[PDB]
Every structure is written in C-alpha cells, then in structure tokens.
$ cat final.pdb   # PDB, C-alpha atoms
ATOM      1  CA  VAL L   1       0.000   0.000   0.000
ATOM      2  CA  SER L   2       3.069   2.196   0.480
ATOM      3  CA  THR L   3       6.860   2.081   0.704
ATOM      4  CA  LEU L   4       7.801  -0.116   3.659
ATOM      5  CA  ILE L   5      10.627   1.171   5.828
ATOM      6  CA  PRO L   6      12.810  -1.482   7.514
ATOM      7  CA  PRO L   7      16.234  -0.141   6.393
ATOM      8  CA  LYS L   8      16.886   2.116   9.365
ATOM      9  CA  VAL L   9      15.461   0.485  12.494
ATOM     10  CA  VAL L  10      18.731  -0.671  14.083
ATOM     11  CA  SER L  11      18.817   2.148  16.660
ATOM     12  CA  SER L  12      16.628  -0.068  18.868
ATOM     13  CA  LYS L  13      17.557  -3.382  17.195
ATOM     14  CA  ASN L  14      21.214  -3.463  18.335
ATOM     15  CA  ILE L  15      20.228  -4.506  21.872
ATOM     16  CA  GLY L  16      18.694  -7.986  21.539
ATOM     17  CA  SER L  17      21.197  -9.671  19.234
ATOM     18  CA  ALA L  18      23.640 -12.165  20.731
ATOM     19  CA  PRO L  19      26.866 -10.468  19.482
ATOM     20  CA  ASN L  20      25.836  -7.273  21.288
ATOM     21  CA  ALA L  21      25.913  -9.214  24.564
ATOM     22  CA  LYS L  22      29.495 -10.203  23.760
ATOM     23  CA  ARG L  23      30.125  -6.679  22.444
ATOM     24  CA  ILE L  24      29.295  -5.022  25.769
ATOM     25  CA  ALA L  25      31.352  -7.717  27.517
ATOM     26  CA  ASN L  26      34.796  -7.603  25.897
ATOM     27  CA  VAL L  27      34.951  -3.815  25.447
ATOM     28  CA  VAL L  28      34.867  -3.557  29.239
ATOM     29  CA  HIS L  29      37.486  -6.340  29.252
ATOM     30  CA  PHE L  30      39.867  -4.210  27.154
ATOM     31  CA  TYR L  31      40.139  -0.589  28.299
ATOM     32  CA  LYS L  32      41.832  -1.068  31.680
ATOM     33  CA  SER L  33      44.038  -4.027  30.686
ATOM     34  CA  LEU L  34      47.699  -3.106  31.081
ATOM     35  CA  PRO L  35      49.338  -2.346  27.708
ATOM     36  CA  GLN L  36      52.841  -3.835  27.506
ATOM     37  CA  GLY L  37      53.562  -5.704  30.723
ATOM     38  CA  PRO L  38      53.295  -2.527  32.778
ATOM     39  CA  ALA L  39      53.063  -2.678  36.577
ATOM     40  CA  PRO L  40      54.595  -6.163  36.930
ATOM     41  CA  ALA L  41      56.296  -5.306  40.246
ATOM     42  CA  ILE L  42      59.523  -7.158  39.493
ATOM     43  CA  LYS L  43      61.357  -5.532  42.437
ATOM     44  CA  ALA L  44      60.337  -7.731  45.359
ATOM     45  CA  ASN L  45      61.539  -6.404  48.734
ATOM     46  CA  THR L  46      60.166  -8.351  51.711
ATOM     47  CA  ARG L  47      62.427  -9.713  54.470
ATOM     48  CA  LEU L  48      64.587 -12.175  52.502
ATOM     49  CA  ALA L  49      64.316 -10.230  49.257
ATOM     50  CA  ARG L  50      67.537 -11.797  47.949
ATOM     51  CA  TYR L  51      65.977 -15.265  48.149
ATOM     52  CA  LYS L  52      62.935 -13.916  46.287
ATOM     53  CA  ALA L  53      65.193 -13.023  43.335
ATOM     54  CA  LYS L  54      67.394 -16.145  43.042
ATOM     55  CA  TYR L  55      65.269 -19.247  43.697
ATOM     56  CA  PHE L  56      61.990 -18.128  45.281
ATOM     57  CA  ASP L  57      61.104 -16.261  42.072
ATOM     58  CA  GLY L  58      60.537 -19.581  40.291
ATOM     59  CA  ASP L  59      62.891 -19.157  37.328
ATOM     60  CA  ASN L  60      65.037 -22.024  38.619
ATOM     61  CA  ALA L  61      62.483 -23.905  40.763
ATOM     62  CA  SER L  62      64.843 -26.795  41.499
ATOM     63  CA  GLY L  63      66.205 -28.763  44.458
ATOM     64  CA  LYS L  64      68.589 -26.026  45.599
ATOM     65  CA  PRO L  65      66.355 -24.737  48.463
ATOM     66  CA  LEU L  66      65.998 -28.253  49.872
ATOM     67  CA  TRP L  67      69.751 -28.607  49.374
ATOM     68  CA  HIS L  68      70.096 -25.416  51.420
ATOM     69  CA  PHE L  69      67.708 -26.922  53.977
ATOM     70  CA  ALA L  70      69.793 -30.107  54.115
ATOM     71  CA  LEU L  71      73.038 -28.152  54.528
ATOM     72  CA  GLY L  72      71.484 -26.257  57.431
ATOM     73  CA  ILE L  73      70.956 -29.576  59.206
ATOM     74  CA  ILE L  74      74.570 -30.526  58.455
ATOM     75  CA  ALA L  75      75.829 -27.250  59.943
ATOM     76  CA  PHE L  76      73.747 -28.029  63.066
ATOM     77  CA  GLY L  77      75.606 -31.258  63.821
ATOM     78  CA  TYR L  78      76.840 -30.269  67.287
ATOM     79  CA  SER L  79      73.559 -28.540  68.199
ATOM     80  CA  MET L  80      70.777 -31.124  67.747
ATOM     81  CA  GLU L  81      72.159 -34.658  67.337
ATOM     82  CA  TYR L  82      75.426 -33.941  69.168
ATOM     83  CA  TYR L  83      75.329 -32.451  72.689
ATOM     84  CA  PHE L  84      71.596 -33.325  72.579
ATOM     85  CA  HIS L  85      69.217 -36.069  71.466
TER      86      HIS L  85
ATOM     87  CA  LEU K  26      60.912 -27.717  73.395
ATOM     88  CA  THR K  27      61.299 -31.455  72.840
ATOM     89  CA  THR K  28      62.717 -33.047  69.697
ATOM     90  CA  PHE K  29      59.168 -33.558  68.406
ATOM     91  CA  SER K  30      58.249 -29.885  68.799
ATOM     92  CA  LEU K  31      61.405 -28.457  67.215
ATOM     93  CA  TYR K  32      61.035 -30.917  64.334
ATOM     94  CA  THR K  33      57.432 -29.753  63.925
ATOM     95  CA  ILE K  34      58.664 -26.154  63.643
ATOM     96  CA  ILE K  35      61.142 -27.235  60.953
ATOM     97  CA  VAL K  36      58.227 -28.853  59.096
ATOM     98  CA  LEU K  37      56.300 -25.585  58.790
ATOM     99  CA  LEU K  38      59.453 -23.674  57.837
ATOM    100  CA  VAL K  39      59.807 -25.936  54.797
ATOM    101  CA  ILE K  40      56.047 -25.959  54.103
ATOM    102  CA  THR K  41      55.786 -22.210  53.531
ATOM    103  CA  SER K  42      58.925 -22.004  51.363
ATOM    104  CA  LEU K  43      57.595 -24.034  48.425
ATOM    105  CA  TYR K  44      54.385 -22.325  47.276
ATOM    106  CA  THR K  45      53.633 -19.526  49.739
ATOM    107  CA  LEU K  46      56.982 -17.813  49.062
ATOM    108  CA  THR K  47      56.751 -17.651  45.254
ATOM    109  CA  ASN K  48      53.443 -15.761  44.786
ATOM    110  CA  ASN K  49      54.737 -13.342  42.126
ATOM    111  CA  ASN K  50      53.778 -14.326  38.561
ATOM    112  CA  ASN K  51      49.997 -13.823  39.021
ATOM    113  CA  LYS K  52      49.509 -16.843  36.731
ATOM    114  CA  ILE K  53      48.789 -20.545  36.967
ATOM    115  CA  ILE K  54      52.366 -21.216  35.784
ATOM    116  CA  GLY K  55      55.615 -19.251  35.917
ATOM    117  CA  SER K  56      57.301 -21.377  38.591
ATOM    118  CA  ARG K  57      57.863 -25.127  38.389
ATOM    119  CA  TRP K  58      57.282 -25.160  42.155
ATOM    120  CA  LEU K  59      53.626 -24.300  41.549
ATOM    121  CA  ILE K  60      53.323 -27.183  39.075
ATOM    122  CA  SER K  61      54.607 -29.536  41.785
ATOM    123  CA  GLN K  62      51.932 -29.131  44.459
ATOM    124  CA  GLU K  63      49.010 -28.685  42.047
ATOM    125  CA  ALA K  64      50.067 -32.015  40.557
ATOM    126  CA  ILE K  65      49.782 -33.513  44.041
ATOM    127  CA  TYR K  66      46.717 -31.344  44.679
ATOM    128  CA  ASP K  67      45.065 -32.688  41.509
ATOM    129  CA  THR K  68      45.991 -36.323  42.190
ATOM    130  CA  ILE K  69      44.290 -36.164  45.588
ATOM    131  CA  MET K  70      41.393 -34.002  44.331
ATOM    132  CA  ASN K  71      40.396 -36.499  41.637
ATOM    133  CA  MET K  72      41.042 -39.256  44.172
ATOM    134  CA  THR K  73      38.633 -37.411  46.469
ATOM    135  CA  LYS K  74      35.957 -37.746  43.783
ATOM    136  CA  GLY K  75      36.825 -41.385  43.152
ATOM    137  CA  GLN K  76      36.674 -42.358  46.820
ATOM    138  CA  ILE K  77      34.566 -39.767  48.694
ATOM    139  CA  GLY K  78      32.556 -38.354  45.797
ATOM    140  CA  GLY K  79      28.799 -38.105  45.573
ATOM    141  CA  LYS K  80      27.661 -35.586  48.139
ATOM    142  CA  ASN K  81      30.473 -34.035  50.216
ATOM    143  CA  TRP K  82      33.833 -35.160  48.837
ATOM    144  CA  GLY K  83      35.126 -31.596  48.558
ATOM    145  CA  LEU K  84      33.812 -30.801  52.035
ATOM    146  CA  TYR K  85      36.254 -33.217  53.702
ATOM    147  CA  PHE K  86      39.047 -32.799  51.123
ATOM    148  CA  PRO K  87      41.466 -30.674  53.243
ATOM    149  CA  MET K  88      41.917 -33.215  56.064
ATOM    150  CA  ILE K  89      43.097 -35.872  53.616
ATOM    151  CA  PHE K  90      45.258 -33.212  51.961
ATOM    152  CA  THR K  91      46.684 -31.846  55.222
ATOM    153  CA  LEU K  92      47.379 -35.333  56.580
ATOM    154  CA  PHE K  93      49.023 -36.307  53.288
ATOM    155  CA  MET K  94      51.139 -33.142  53.451
ATOM    156  CA  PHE K  95      52.025 -33.930  57.070
ATOM    157  CA  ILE K  96      53.180 -37.475  56.290
ATOM    158  CA  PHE K  97      54.855 -36.421  53.029
ATOM    159  CA  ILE K  98      57.023 -33.731  54.629
ATOM    160  CA  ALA K  99      57.857 -35.863  57.681
ATOM    161  CA  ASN K 100      59.166 -38.574  55.324
ATOM    162  CA  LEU K 101      61.239 -36.373  52.984
ATOM    163  CA  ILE K 102      64.157 -35.494  55.295
ATOM    164  CA  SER K 103      64.469 -38.853  57.025
ATOM    165  CA  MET K 104      67.475 -40.498  55.341
ATOM    166  CA  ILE K 105      70.598 -38.778  56.701
ATOM    167  CA  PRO K 106      72.508 -41.200  58.966
ATOM    168  CA  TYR K 107      72.110 -38.795  61.901
ATOM    169  CA  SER K 108      68.374 -38.283  61.248
ATOM    170  CA  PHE K 109      66.929 -38.629  64.740
ATOM    171  CA  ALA K 110      63.656 -38.924  62.829
ATOM    172  CA  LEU K 111      60.569 -38.075  64.906
ATOM    173  CA  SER K 112      62.400 -38.741  68.189
ATOM    174  CA  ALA K 113      62.944 -42.433  67.268
ATOM    175  CA  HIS K 114      59.689 -43.104  69.166
ATOM    176  CA  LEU K 115      57.014 -42.434  66.509
ATOM    177  CA  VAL K 116      54.299 -42.715  69.174
ATOM    178  CA  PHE K 117      52.335 -39.847  67.616
ATOM    179  CA  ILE K 118      51.761 -41.830  64.412
ATOM    180  CA  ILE K 119      49.775 -44.226  66.591
ATOM    181  CA  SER K 120      48.072 -41.210  68.182
ATOM    182  CA  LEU K 121      47.143 -39.780  64.773
ATOM    183  CA  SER K 122      45.582 -43.124  63.847
ATOM    184  CA  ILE K 123      43.677 -43.235  67.149
ATOM    185  CA  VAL K 124      42.231 -39.728  66.849
ATOM    186  CA  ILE K 125      41.407 -40.261  63.162
ATOM    187  CA  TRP K 126      39.393 -43.381  64.031
ATOM    188  CA  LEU K 127      37.848 -41.773  67.119
ATOM    189  CA  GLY K 128      36.666 -38.801  65.076
ATOM    190  CA  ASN K 129      35.468 -41.176  62.358
ATOM    191  CA  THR K 130      33.032 -42.932  64.702
ATOM    192  CA  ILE K 131      31.658 -39.763  66.330
ATOM    193  CA  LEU K 132      30.854 -38.560  62.819
ATOM    194  CA  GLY K 133      29.256 -41.958  62.230
ATOM    195  CA  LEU K 134      27.415 -41.929  65.557
ATOM    196  CA  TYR K 135      26.326 -38.321  64.993
ATOM    197  CA  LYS K 136      25.174 -38.846  61.402
ATOM    198  CA  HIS K 137      23.641 -42.302  61.921
ATOM    199  CA  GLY K 138      23.259 -42.963  65.643
ATOM    200  CA  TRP K 139      21.920 -46.482  66.116
ATOM    201  CA  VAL K 140      22.042 -46.919  62.326
ATOM    202  CA  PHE K 141      25.847 -46.985  62.612
ATOM    203  CA  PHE K 142      25.455 -50.460  64.131
ATOM    204  CA  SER K 143      23.720 -51.573  60.920
ATOM    205  CA  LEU K 144      27.033 -51.108  59.078
ATOM    206  CA  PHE K 145      28.267 -54.413  60.546
ATOM    207  CA  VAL K 146      25.715 -56.287  58.381
ATOM    208  CA  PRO K 147      26.254 -55.073  54.785
ATOM    209  CA  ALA K 148      24.002 -57.282  52.632
ATOM    210  CA  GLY K 149      23.192 -60.709  54.085
ATOM    211  CA  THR K 150      24.545 -62.751  57.013
ATOM    212  CA  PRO K 151      21.214 -63.556  58.725
ATOM    213  CA  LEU K 152      20.537 -63.911  62.451
ATOM    214  CA  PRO K 153      22.611 -67.131  62.813
ATOM    215  CA  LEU K 154      25.494 -65.280  61.112
ATOM    216  CA  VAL K 155      24.824 -61.854  62.678
ATOM    217  CA  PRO K 156      26.933 -62.319  65.867
ATOM    218  CA  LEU K 157      29.899 -63.682  63.901
ATOM    219  CA  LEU K 158      29.928 -60.811  61.400
ATOM    220  CA  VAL K 159      29.392 -58.001  63.918
ATOM    221  CA  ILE K 160      32.307 -59.431  65.908
ATOM    222  CA  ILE K 161      34.524 -59.502  62.813
ATOM    223  CA  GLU K 162      33.369 -56.081  61.587
ATOM    224  CA  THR K 163      33.662 -54.274  64.929
ATOM    225  CA  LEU K 164      36.992 -55.878  65.850
ATOM    226  CA  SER K 165      38.232 -55.007  62.359
ATOM    227  CA  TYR K 166      37.361 -51.350  62.986
ATOM    228  CA  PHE K 167      39.756 -51.306  65.929
ATOM    229  CA  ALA K 168      42.078 -53.558  63.954
ATOM    230  CA  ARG K 169      43.044 -51.481  60.922
ATOM    231  CA  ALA K 170      43.096 -48.218  62.886
ATOM    232  CA  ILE K 171      45.893 -49.365  65.202
ATOM    233  CA  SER K 172      47.608 -51.211  62.342
ATOM    234  CA  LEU K 173      47.750 -48.044  60.227
ATOM    235  CA  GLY K 174      49.638 -46.085  62.878
ATOM    236  CA  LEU K 175      52.095 -48.815  63.842
ATOM    237  CA  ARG K 176      53.091 -49.865  60.317
ATOM    238  CA  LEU K 177      54.218 -46.389  59.227
ATOM    239  CA  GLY K 178      56.216 -45.534  62.342
ATOM    240  CA  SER K 179      57.868 -48.937  62.711
ATOM    241  CA  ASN K 180      59.075 -48.974  59.099
ATOM    242  CA  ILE K 181      60.510 -45.477  59.545
ATOM    243  CA  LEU K 182      62.197 -46.838  62.671
ATOM    244  CA  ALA K 183      63.197 -49.964  60.743
ATOM    245  CA  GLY K 184      64.544 -47.896  57.858
ATOM    246  CA  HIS K 185      66.526 -45.599  60.150
ATOM    247  CA  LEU K 186      68.185 -48.467  62.022
ATOM    248  CA  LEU K 187      69.073 -50.345  58.833
ATOM    249  CA  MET K 188      70.831 -47.130  57.862
ATOM    250  CA  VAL K 189      73.044 -47.412  60.944
ATOM    251  CA  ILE K 190      73.502 -51.191  61.171
ATOM    252  CA  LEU K 191      74.762 -51.439  57.593
ATOM    253  CA  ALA K 192      76.818 -48.266  58.093
ATOM    254  CA  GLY K 193      78.703 -49.837  60.994
ATOM    255  CA  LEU K 194      79.527 -52.837  58.813
ATOM    256  CA  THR K 195      80.997 -50.549  56.141
ATOM    257  CA  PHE K 196      83.183 -48.949  58.812
ATOM    258  CA  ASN K 197      84.429 -52.429  59.725
ATOM    259  CA  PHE K 198      85.095 -53.369  56.092
ATOM    260  CA  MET K 199      86.980 -50.213  55.103
ATOM    261  CA  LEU K 200      89.258 -50.541  58.142
ATOM    262  CA  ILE K 201      90.373 -54.174  57.779
ATOM    263  CA  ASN K 202      91.074 -54.727  54.073
ATOM    264  CA  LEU K 203      94.476 -53.454  52.965
ATOM    265  CA  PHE K 204      94.874 -53.559  49.174
ATOM    266  CA  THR K 205      91.814 -55.263  47.664
ATOM    267  CA  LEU K 206      88.947 -53.207  46.256
ATOM    268  CA  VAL K 207      85.632 -55.120  46.499
ATOM    269  CA  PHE K 208      84.954 -54.754  50.206
ATOM    270  CA  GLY K 209      83.396 -51.326  50.813
ATOM    271  CA  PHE K 210      81.788 -49.915  47.680
ATOM    272  CA  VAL K 211      79.428 -52.896  47.389
ATOM    273  CA  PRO K 212      78.244 -52.292  50.991
ATOM    274  CA  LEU K 213      78.131 -48.644  49.936
ATOM    275  CA  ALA K 214      76.096 -49.808  46.929
ATOM    276  CA  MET K 215      73.496 -51.436  49.190
ATOM    277  CA  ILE K 216      73.485 -48.272  51.315
ATOM    278  CA  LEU K 217      72.641 -46.385  48.119
ATOM    279  CA  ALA K 218      69.902 -48.907  47.301
ATOM    280  CA  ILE K 219      68.474 -49.191  50.826
ATOM    281  CA  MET K 220      68.289 -45.393  51.113
ATOM    282  CA  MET K 221      66.337 -45.081  47.851
ATOM    283  CA  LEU K 222      63.889 -47.683  49.161
ATOM    284  CA  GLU K 223      63.330 -45.793  52.420
ATOM    285  CA  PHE K 224      62.808 -42.551  50.499
ATOM    286  CA  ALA K 225      60.471 -44.345  48.083
ATOM    287  CA  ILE K 226      58.381 -46.201  50.676
ATOM    288  CA  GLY K 227      57.661 -43.004  52.606
ATOM    289  CA  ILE K 228      56.145 -41.437  49.490
ATOM    290  CA  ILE K 229      53.721 -44.282  48.762
ATOM    291  CA  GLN K 230      52.932 -45.026  52.418
ATOM    292  CA  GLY K 231      51.906 -41.392  52.701
ATOM    293  CA  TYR K 232      49.701 -42.058  49.681
ATOM    294  CA  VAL K 233      48.535 -45.346  51.223
ATOM    295  CA  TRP K 234      47.722 -43.496  54.440
ATOM    296  CA  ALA K 235      45.889 -40.897  52.341
ATOM    297  CA  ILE K 236      43.880 -43.596  50.550
ATOM    298  CA  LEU K 237      43.155 -45.486  53.773
ATOM    299  CA  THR K 238      41.909 -42.495  55.778
ATOM    300  CA  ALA K 239      39.837 -41.632  52.728
ATOM    301  CA  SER K 240      38.501 -45.200  52.713
ATOM    302  CA  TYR K 241      37.323 -45.027  56.325
ATOM    303  CA  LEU K 242      35.588 -41.700  55.708
ATOM    304  CA  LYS K 243      33.351 -43.357  53.098
ATOM    305  CA  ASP K 244      32.213 -45.929  55.658
ATOM    306  CA  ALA K 245      31.371 -43.194  58.171
ATOM    307  CA  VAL K 246      29.456 -40.929  55.780
ATOM    308  CA  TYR K 247      28.043 -43.713  53.569
ATOM    309  CA  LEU K 248      26.602 -46.936  54.980
ATOM    310  CA  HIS K 249      27.027 -50.083  52.891
TER     311      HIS K 249
END
$ encode --input "final.pdb" --output "structure tokens"
Amino acid sequence: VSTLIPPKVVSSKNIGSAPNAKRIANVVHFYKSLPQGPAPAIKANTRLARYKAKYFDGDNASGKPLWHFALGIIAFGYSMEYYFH
Amino acid sequence: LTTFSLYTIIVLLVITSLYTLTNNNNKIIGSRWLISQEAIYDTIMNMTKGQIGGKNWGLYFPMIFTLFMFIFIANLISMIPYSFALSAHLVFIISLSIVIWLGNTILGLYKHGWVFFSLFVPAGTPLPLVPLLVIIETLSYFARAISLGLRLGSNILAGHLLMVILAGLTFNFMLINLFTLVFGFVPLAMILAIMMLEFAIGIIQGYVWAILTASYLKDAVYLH
C-alpha cells in the first residue's frame, strides 16, 4: 500500500542480538588491561628479598632450596644430634 | 621444646617455602614449584571424587590433603645417617591413627546414631550369622586403625636403624682390608639402594595413608 521502511530500524535493534551481549562484555574487558607488561612489580623487597630473586622467584624452581635446607641440618651437627638427642 | 616440637617447627618452615613464598607471577604457571603441588593437589582431588565423591567429597578434602602433606614432609628429610627422625619413638603416628578413628566414629554416631550399628551387616549374614559378622566387623574397625599407625612408624624406625647397622659394617670393612677393592663400595652400593627404598616407601605409604583415611571416611558418611 506504500513504501515499507525497515532499512533504518537498528537504533533499537542493536540490543537484543547475541553479538551485542558479547560486544558489551569484551569492550569492558579491554580498556583497563595493562598495555605492555606494565606494573609487573619485578622488584620484590620483603624480608629475605635476595631469596625472592634467586630461587623463590621460580625461574630455577629446582632442588637447591631443599639442598640449602639439608646443609642447614649438616651445619647443626653439634647442636641437635650432638650435645643433645 | 622437645625433639618432636622443634622438628614440627622445621616442618612448617619448609612448608611455607615451596608455594607460599613464590606468589609473584599472578599466573597458573611461571614457577615449576607451583606445578609440583598442584600435581599432588590434583591427584588427591580427583582421588577425592573417586573415593569420597557423591555428596560431600570436597567438604572433607582438606583433612586428607593436610594429613598427606604432614606425612609427606615428615618422610622427605628422614634419610641422613644422623636423622633422629621423629624422636625415634614415633608414638604420635599411633596417636594420629587413634584420633582419626575416634573422630570417624563420632561422625558416624552423629550422622547415623543407632544406624551406625547396621554397618556391621552389609548385605546378608542372617541372624545365625549376625553375631559372627558383627564381631569380625567391629573388631576389624579397631584392627586397621591401630595397624595403620604402627606400620608407618615402625618402618621409619626400621629404615633408620638399617641405615646405621649397615653403616657400621661398612666402617668395619673399610678398616680391615688393605689392598683389595671389592669390600666397601658394594656395601656402599646397598646403602645407596636401601636409602632409595626408604625414600620411596615413605612417598607411597603417605599415599597409602591418604587412601586409607579416605577409605574409612566413606564408611562413616556412607553406609554399605
């Protein structure tokens, strides 16, 4: 009876579609995300900070700390098993 | 501060410096230390489903985990020939078994009451066979609880003494033989083998203890 007009009705149509739900999701997931590894806090300073940078960081993550623990028992020979039970 | 207490302090000193003192990469990986415990954490978590699963497996997960951690750490540093391991008495391992059983029944008596006595008759065994089975079942409940504690501690005691007894023999061998060669490294070779066994058995027996204490929890929560 006349010229129908569904070419321009997306101003209220862009709310119910599924991609819009993902659209409003990931845009919030993007703006505050740190750009290039910023704010990594690589300078750890808490009590034994030196340990935090050699083995406690996790780059090595090997049996050295338990080796250090074992050597501590060895150095305590005349303190726990000798001169005492 | 007895030998038990100071050892217990050393346990927690090691405990924190494996996973609590890395805490820097803000990721699931970034330190092979993290991969270590989550491997153990996953092995026991899936085991918790396979043995306790169905209503409250994750509810009681930490006790099996904490006990497994406790036995695991106590068995790691136990090989050195001067390891006065757990005061050479190991009486607490019996005590841990006693309290674990004693808590197991109170949970059973709280959650079932008189129904807990129906656990002694699983499927059949009618009235002529009822007194025989309830005797076997109830005596068994005492039986494996005390057995669990004694087997772990005694073997740790057995392993520690077979460190020393063989060590004294090696001292005798290396002092008597003048110029030959095959007298001390072969006894040293057994020392190397018998120490790997003691280190190995502690790992699985901690697992066995973990599986067993899991197994008794099923019987308390679930009647069969």
$ atom_distance --input "final.pdb" --atom1 "atom CA of residue K:125" --atom2 "atom CA of residue L:85"
29.3 Å
$ residues_around --input "final.pdb" --residues "residue K:103" --least-positions-apart "2" --cutoff "10 Å" --atoms "all atoms listed in the file" --output "list in words"
residues 98, 99, 100, 101, 105, 106, 107, 108, 109, 110, 111, 181, 184, 185, 220, 223, 224 and 227 of chain K
$ resolve_selection --input "final.pdb" --expression "the PyMOL selection byres ((chain L and resi 51) around 12)" --output "MDAnalysis selection string"
(chainID L and resid 44:50 52:61 64:65 68) or (chainID K and resid 42 46:47)
$ residues_around --input "final.pdb" --residues "residue K:68" --least-positions-apart "3" --cutoff "12 Å" --atoms "only C-alpha atoms" --output "PyMOL selection string"
chain K and resi 61-65+71-75+86+89-90+93+232+235-236
$ interface_residues --input "final.pdb" --of "chain K" --to "chain L" --cutoff "6 Å" --atoms "only C-alpha atoms" --output "PyMOL selection string"
chain K and resi 47+56-58
$ atom_distance --input "final.pdb" --atom1 "atom CA of residue K:114" --atom2 "atom CA of residue K:172"
16.1 Å
$ resolve_selection --input "final.pdb" --expression "the PyMOL selection byres ((chain K and resi 213) around 12)" --output "PyMOL selection string"
chain K and resi 188+191-196+198-199+207-212+214-220
$ atom_distance --input "final.pdb" --atom1 "atom CA of residue K:117" --atom2 "atom CA of residue K:136"
27.9 Å
$ closest_residue --input "final.pdb" --among "K:70, K:82, K:95, K:186" --to "residue K:35" --atoms "all atoms listed in the file"
K:95
$ residues_around --input "final.pdb" --residues "residue K:243" --least-positions-apart "6" --cutoff "9 Å" --atoms "all atoms listed in the file" --output "number ranges by chain"
K: 76-78
$ closest_residue --input "final.pdb" --among "K:33, K:180, K:205, K:81" --to "residue K:247" --atoms "only C-alpha atoms"
K:81
$ residues_near_point --input "final.pdb" --point "(48.4, -40.4, 57.4)" --cutoff "10 Å" --atoms "only C-alpha atoms" --output "mmCIF file with C-alpha atoms, in the coordinates of the input"
data_model
loop_
_atom_site.group_PDB
_atom_site.id
_atom_site.type_symbol
_atom_site.label_atom_id
_atom_site.label_comp_id
_atom_site.auth_asym_id
_atom_site.auth_seq_id
_atom_site.Cartn_x
_atom_site.Cartn_y
_atom_site.Cartn_z
ATOM 1 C CA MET K 88 41.917 -33.215 56.064
ATOM 2 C CA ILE K 89 43.097 -35.872 53.616
ATOM 3 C CA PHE K 90 45.258 -33.212 51.961
ATOM 4 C CA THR K 91 46.684 -31.846 55.222
ATOM 5 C CA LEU K 92 47.379 -35.333 56.580
ATOM 6 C CA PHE K 93 49.023 -36.307 53.288
ATOM 7 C CA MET K 94 51.139 -33.142 53.451
ATOM 8 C CA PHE K 95 52.025 -33.930 57.070
ATOM 9 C CA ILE K 96 53.180 -37.475 56.290
ATOM 10 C CA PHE K 97 54.855 -36.421 53.029
ATOM 11 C CA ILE K 118 51.761 -41.830 64.412
ATOM 12 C CA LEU K 121 47.143 -39.780 64.773
ATOM 13 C CA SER K 122 45.582 -43.124 63.847
ATOM 14 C CA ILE K 125 41.407 -40.261 63.162
ATOM 15 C CA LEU K 173 47.750 -48.044 60.227
ATOM 16 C CA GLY K 174 49.638 -46.085 62.878
ATOM 17 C CA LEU K 177 54.218 -46.389 59.227
ATOM 18 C CA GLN K 230 52.932 -45.026 52.418
ATOM 19 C CA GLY K 231 51.906 -41.392 52.701
ATOM 20 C CA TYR K 232 49.701 -42.058 49.681
ATOM 21 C CA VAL K 233 48.535 -45.346 51.223
ATOM 22 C CA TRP K 234 47.722 -43.496 54.440
ATOM 23 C CA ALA K 235 45.889 -40.897 52.341
ATOM 24 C CA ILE K 236 43.880 -43.596 50.550
ATOM 25 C CA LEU K 237 43.155 -45.486 53.773
ATOM 26 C CA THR K 238 41.909 -42.495 55.778
ATOM 27 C CA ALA K 239 39.837 -41.632 52.728
#
$ resolve_selection --input "final.pdb" --expression "the PyMOL selection byres ((chain K and resi 127-133) around 10)" --output "list in words"
residues 121, 122, 123, 124, 125, 126, 134, 135, 136, 137, 138, 139, 140, 141, 142, 144, 166, 167, 170, 238, 241, 242, 243, 244, 245, 246, 247 and 248 of chain K
$ write_last_selection --input "final.pdb" --atoms "C-alpha atoms" --output "mmCIF file, in the coordinates of the input"
data_model
loop_
_atom_site.group_PDB
_atom_site.id
_atom_site.type_symbol
_atom_site.label_atom_id
_atom_site.label_comp_id
_atom_site.auth_asym_id
_atom_site.auth_seq_id
_atom_site.Cartn_x
_atom_site.Cartn_y
_atom_site.Cartn_z
ATOM 1 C CA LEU K 121 47.143 -39.780 64.773
ATOM 2 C CA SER K 122 45.582 -43.124 63.847
ATOM 3 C CA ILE K 123 43.677 -43.235 67.149
ATOM 4 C CA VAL K 124 42.231 -39.728 66.849
ATOM 5 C CA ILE K 125 41.407 -40.261 63.162
ATOM 6 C CA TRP K 126 39.393 -43.381 64.031
ATOM 7 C CA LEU K 134 27.415 -41.929 65.557
ATOM 8 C CA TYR K 135 26.326 -38.321 64.993
ATOM 9 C CA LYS K 136 25.174 -38.846 61.402
ATOM 10 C CA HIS K 137 23.641 -42.302 61.921
ATOM 11 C CA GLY K 138 23.259 -42.963 65.643
ATOM 12 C CA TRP K 139 21.920 -46.482 66.116
ATOM 13 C CA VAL K 140 22.042 -46.919 62.326
ATOM 14 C CA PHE K 141 25.847 -46.985 62.612
ATOM 15 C CA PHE K 142 25.455 -50.460 64.131
ATOM 16 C CA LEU K 144 27.033 -51.108 59.078
ATOM 17 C CA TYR K 166 37.361 -51.350 62.986
ATOM 18 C CA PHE K 167 39.756 -51.306 65.929
ATOM 19 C CA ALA K 170 43.096 -48.218 62.886
ATOM 20 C CA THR K 238 41.909 -42.495 55.778
ATOM 21 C CA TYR K 241 37.323 -45.027 56.325
ATOM 22 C CA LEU K 242 35.588 -41.700 55.708
ATOM 23 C CA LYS K 243 33.351 -43.357 53.098
ATOM 24 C CA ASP K 244 32.213 -45.929 55.658
ATOM 25 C CA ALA K 245 31.371 -43.194 58.171
ATOM 26 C CA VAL K 246 29.456 -40.929 55.780
ATOM 27 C CA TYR K 247 28.043 -43.713 53.569
ATOM 28 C CA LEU K 248 26.602 -46.936 54.980
#
$ build_atoms --input "final.pdb" --residues "stretch 151-157 of chain K" --atoms "N, CA, C and O atoms" --output "JSON list (two decimals), in the coordinates of the input"
[["chain", "number", "residue", "atom", "x", "y", "z"],
["K", 151, "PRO", "N", 22.43, -63.63, 57.89],
["K", 151, "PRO", "CA", 21.21, -63.56, 58.72],
["K", 151, "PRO", "C", 21.48, -63.78, 60.21],
["K", 151, "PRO", "O", 22.64, -63.88, 60.63],
["K", 152, "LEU", "N", 20.41, -63.85, 61.00],
["K", 152, "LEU", "CA", 20.54, -63.91, 62.45],
["K", 152, "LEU", "C", 21.50, -64.98, 62.95],
["K", 152, "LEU", "O", 22.25, -64.69, 63.90],
["K", 153, "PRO", "N", 21.54, -66.20, 62.41],
["K", 153, "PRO", "CA", 22.61, -67.13, 62.81],
["K", 153, "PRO", "C", 24.01, -66.60, 62.54],
["K", 153, "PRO", "O", 24.93, -66.88, 63.31],
["K", 154, "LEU", "N", 24.19, -65.83, 61.46],
["K", 154, "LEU", "CA", 25.49, -65.28, 61.11],
["K", 154, "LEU", "C", 25.70, -63.85, 61.60],
["K", 154, "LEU", "O", 26.79, -63.31, 61.42],
["K", 155, "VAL", "N", 24.68, -63.23, 62.20],
["K", 155, "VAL", "CA", 24.82, -61.85, 62.68],
["K", 155, "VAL", "C", 25.90, -61.72, 63.75],
["K", 155, "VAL", "O", 26.78, -60.86, 63.61],
["K", 156, "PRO", "N", 25.90, -62.52, 64.83],
["K", 156, "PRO", "CA", 26.93, -62.32, 65.87],
["K", 156, "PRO", "C", 28.35, -62.53, 65.36],
["K", 156, "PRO", "O", 29.27, -61.84, 65.82],
["K", 157, "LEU", "N", 28.56, -63.46, 64.43],
["K", 157, "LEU", "CA", 29.90, -63.68, 63.90],
["K", 157, "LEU", "C", 30.38, -62.49, 63.09],
["K", 157, "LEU", "O", 31.55, -62.08, 63.21]]
